[PDB]
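S.K.: Let me start by giving you these chains from the complex, positioned as in the assembled structure:
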Amino acid sequence: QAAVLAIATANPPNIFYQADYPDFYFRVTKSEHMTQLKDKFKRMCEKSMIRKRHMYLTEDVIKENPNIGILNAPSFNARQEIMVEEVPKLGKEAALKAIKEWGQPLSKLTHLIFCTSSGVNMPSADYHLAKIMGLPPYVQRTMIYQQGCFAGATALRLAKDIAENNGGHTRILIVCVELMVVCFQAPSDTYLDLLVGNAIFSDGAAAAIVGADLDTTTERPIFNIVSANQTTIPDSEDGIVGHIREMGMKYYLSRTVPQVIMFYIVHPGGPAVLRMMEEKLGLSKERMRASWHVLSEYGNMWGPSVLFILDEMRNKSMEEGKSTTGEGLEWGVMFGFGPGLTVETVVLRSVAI
């Protein structure tokens, strides 16, 4: 049975505390005259339940690429040139940390699954990571582009069958990375479905190693991937929409998505999402803690977020002397979701600590 053997994460070094972000955002987009819209944005940020976010797109990067901060200005080329380079580079940081925990050389890897919705190129981000990391030429790559916030969970669904159908030496590296260079837009009071993303979207990378039939002397599983299934919610196509255009990506968020969309890993799409899960199942406050923590400290990073929460859960479980990597519990589930609307459900089993 396939297992997660290592997890690690990375973020851009520039921290944006949410208390300061309305002032930063309306200043760098030169939109301070929009006082009513800033009031609304202040309330969005205050209700976001996000304490800080790590972002590539600083004031200096906007100054170097000024059309990124001018609504509707052509800036797709400028965003692309940044992201084709920087997305694999941040992924390499998380990947090498995961491989160090794993304890095996890159030569023991058989497969790479790379996921991002931040930039497209040919050859793709999977190839670029293999180049800058020095993955051997027999490492077999799968590129998952543009699948938004269920990409992390979908990589585990794919890795399960690859690991289990090819045998004991198959070892899959999963790397998920996003940079909001892809979809950062200046404010407009007729596009509130773009403005909500400015309050909650953020940058990050996470990596994991998956294998089956483990060398017990050298490898140690963290979780087992019991089953994985994707479903689509009917009649919800307009809930999450990303239109890649000459002005960059316009990523539209509907107000109904949370209303439509054991230990738990729930993609932190926003606070309404995590609350929807809690009261619906009578969950203790303890159950969503790890998902609430990643939302607070990193925001909604699309693809990699469920791996951040996975890593946070087993770390706290170990630090607090819990019985298993799943907070002392045996069974668990991870939910990724995104455009479609699409739900990826991954049934997990913890490991004894």
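M.R.: Arrived safely, thanks for sending. Numbering: from 1, shown residues only, chains lettered A, B, ... in the order given.
S.K.: For the closest residue in space to residue A:157 that isn't next to it in sequence, name its beta-bridge partners.
M.R.: Distance criterion Cβ to Cβ, 6 or more residues apart in numbering; nearest residue to residue A:157, sequence neighbours excluded, is residue A:228 at 3.6 Å. Every C-beta, even on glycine, is put in place using the N, C-alpha and C of the backbone. Beta-bridge partners of residue A:228, counted by DSSP bridges, are residue A:346.
S.K.: Give me the distance between residue A:228 and residue A:67.
M.R.: According to Cβ to Cβ, to the nearest Å, residue A:228 and residue A:67 sit 41 Å apart.
S.K.: who has more neighbours, those two?
M.R.: Shown here are residue A:228 and residue A:67; by other Cβ atoms under 10 Å, residue A:228 has more neighbours (22 against 19).
S.K.: Is that one in contact with residue A:348, as I believe?
M.R.: No - the criterion here is Cβ atoms under 8 Å, and residue A:228 misses it with residue A:348 at 9.5 Å.
S.K.: Just the terminal-to-terminal distance for stretch A:112-123.
M.R.: Terminal residues of stretch A:112-123 lie 14 Å apart, using Cα to Cα, to the nearest Å.
S.K.: How about that stretch, which residues are buried there?
M.R.: Using 16 or more other Cβ atoms under 10 Å as the test for burial, stretch A:112-123 gives A:112-121.
S.K.: ok now that stretch, how far from the chain's centre?
M.R.: Mean-position distance between stretch A:112-123 and its chain equals 13 Å (Cα atoms, centre = their mean, to the nearest Å).
S.K.: and what of stretch A:143-157?
M.R.: Worked out by Cα atoms, centre = their mean, stretch A:143-157 lies 9 Å from the chain centre.
S.K.: measure that stretch end to end?
M.R.: 14 Å.
S.K.: domain assignment for chain A?
M.R.: Using curated CATH domains, the domains assigned to chain A come out as A:1-221, A:222-352.
S.K.: Return the residues in contact with residue A:31.
M.R.: With contact set as Cβ atoms under 8 Å, 6 or more residues apart in numbering, residue A:31 has these partners: A:37-38, A:186-187.
S.K.: out of those, who has the most neighbours?
M.R.: With neighbours defined as other Cβ under 10 Å, the most crowded of these is residue A:186; it has 24 neighbours.
S.K.: That one: which element?
M.R.: Element membership for residue A:186, per DSSP states H and E: none, as it lies in no helix or strand.
S.K.: That one against residue A:67, yeah?
M.R.: No - Residue A:186 is not in contact with residue A:67 according to Cβ under 8 Å; the separation is 9.9 Å.
S.K.: Append chain B to the structure above:
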Amino acid sequence: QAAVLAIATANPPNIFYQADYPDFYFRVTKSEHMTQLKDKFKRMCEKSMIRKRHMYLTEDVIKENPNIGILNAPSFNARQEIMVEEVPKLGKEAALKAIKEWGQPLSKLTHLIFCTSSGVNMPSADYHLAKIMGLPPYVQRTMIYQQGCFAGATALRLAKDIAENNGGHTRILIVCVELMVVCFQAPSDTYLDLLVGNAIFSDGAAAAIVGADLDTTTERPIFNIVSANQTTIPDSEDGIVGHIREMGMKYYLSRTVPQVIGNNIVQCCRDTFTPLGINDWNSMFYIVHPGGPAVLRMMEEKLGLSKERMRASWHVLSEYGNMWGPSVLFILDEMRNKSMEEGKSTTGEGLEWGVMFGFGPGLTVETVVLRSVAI
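M.R.: That brings us to chain B, laid onto the chains above:
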């Protein structure tokens, strides 16, 4: 063991014969005054071994979206809006025919793998195909974007593990679609490795059904997917390059790609099929992505192949051009269609073992080891 259970194809209806294409291309891009460059493009087309190509992008479509025909003008929005709608639509035409050959209802599908390098959107072309085919909401989707000409082979590699690890009821629909709306560019005498693409790139859709543990009663395999491996050729990054930009995609082709690829897949052949005990190189069948004529000649010359061994690959090049992802599936279909029609004893031209090579940016090679099925 995973098997291909159905194969079908579709193309945009408008046919461009290669003898007429230099005239059309320089006229609709209002570039006839570039006389030396047009002579160069004529020679490119005359050497291409392409007789016709099916294209979505007609003169009317360019007239509706005139920046597509103006070099470096912003046209990415216009291209995107066309392809996000039209890529799934052409895929549905092929997919319906593959399911009809398969013979089972859509409700028996468990998975969909959609592959394209022609447009990006969220939700993507996989969701859109599901919606317009009315696939049940439990069909599990994988979207393979931007993998160029190895995408059809990579879909088989993925589908093998999905079908074999989940078992007898898992049935995977594969759909590969391309429309050169994505990268059509007007001519420039300083971007010649752009003009090559206008001589060879074309449009098409192919669909296949993959499953393991077959209902002998109702399902018949065409080919078995014995193994599949991707490899990367070191120090070949610049061989095939697609830069997606505000003017659309600029798809650059280095002069040495056919030889770098051809030498590599000859080596893969020797490395892979010698331990399987294939006695000589004419004793196995071949599907080689039709990137151009030179890569097909290399296989023939380096392995000493007879003329019938690359015939199916030459035919798809002649009649359809280089359609990127779906082309290897066109060739698979053609091979088994002619094998049946000509009275051969197997779907692989009367031979037991065979190879499929997809390749593309990286440079990346997807090798698929195939076994035919008795006819």
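S.K.: List, one by one, the residues from the stretch 251-353 of chain A near chain B.
M.R.: Proximity of the stretch 251-353 of chain A to chain B, by Cβ under 8 Å from any Cβ of the partner chain, involves residues A:251, A:338-340, A:342.
S.K.: isn't residue A:344 right up against residue A:155?
M.R.: No - contact criterion Cβ under 8 Å: residue A:344 and residue A:155 do not qualify, at 9.3 Å.
S.K.: More neighbours: which of those two?
M.R.: Remark: of residue A:344 and residue A:155, residue A:155 carries more neighbours, 31 against 26, as counted by other Cβ atoms under 10 Å in any protein chain shown.
S.K.: can you give me the helices in the stretch 151-300 of chain A?
M.R.: Secondary structure of the stretch 151-300 of chain A (DSSP state H, counting those that start in this stretch): helices at A:151-166, A:192-200, A:257-260, A:271-280, A:289-298.
S.K.: which secondary structure element contains the closest residue to residue A:69 other than its chain neighbours?
M.R.: Residue nearest to residue A:69 in three dimensions, not counting chain neighbours: residue A:62, with 4.6 Å by Cβ to Cβ, 6 or more residues apart in numbering or on different chains. For residue A:62, the host element (DSSP H and E) is helix A:59-64.
S.K.: Now do the buried residues in that helix.
M.R.: Buried positions in helix A:59-64, judged by neighbour count with 16 or more other Cβ atoms under 10 Å in any protein chain shown: A:61-62.
S.K.: Tell me which helix or strand comes right after it.
M.R.: For helix A:59-64, the succeeding helix or strand toward the C-terminus, using DSSP H and E, is helix A:76-102.
S.K.: I'd guessed residue A:204 sits against residue A:294; true?
M.R.: No - here residue A:204 does not reach residue A:294: they are 9.2 Å apart, not a contact under Cβ under 8 Å.
S.K.: which residues do these two both contact?
M.R.: Residues touching both residue A:204 and residue A:294 (Cβ atoms under 8 Å, 6 or more residues apart in numbering or on different chains) are A:305, A:308.
S.K.: list the contacts for residue A:78?
M.R.: A:65, A:67-68.
S.K.: Of the helices of the stretch 151-300 of chain A, flag the one that's most buried.
M.R.: Most buried of those by mean neighbour count (mean count of other Cβ atoms under 10 Å in any protein chain shown) is helix A:151-166; its value is a mean of 25.
S.K.: Can you find the residue of the stretch 251-353 of chain A that comes nearest to chain B?
M.R.: Nearest residue of the stretch 251-353 of chain A to chain B: residue A:339, at 4.2 Å (Cβ to the nearest Cβ).
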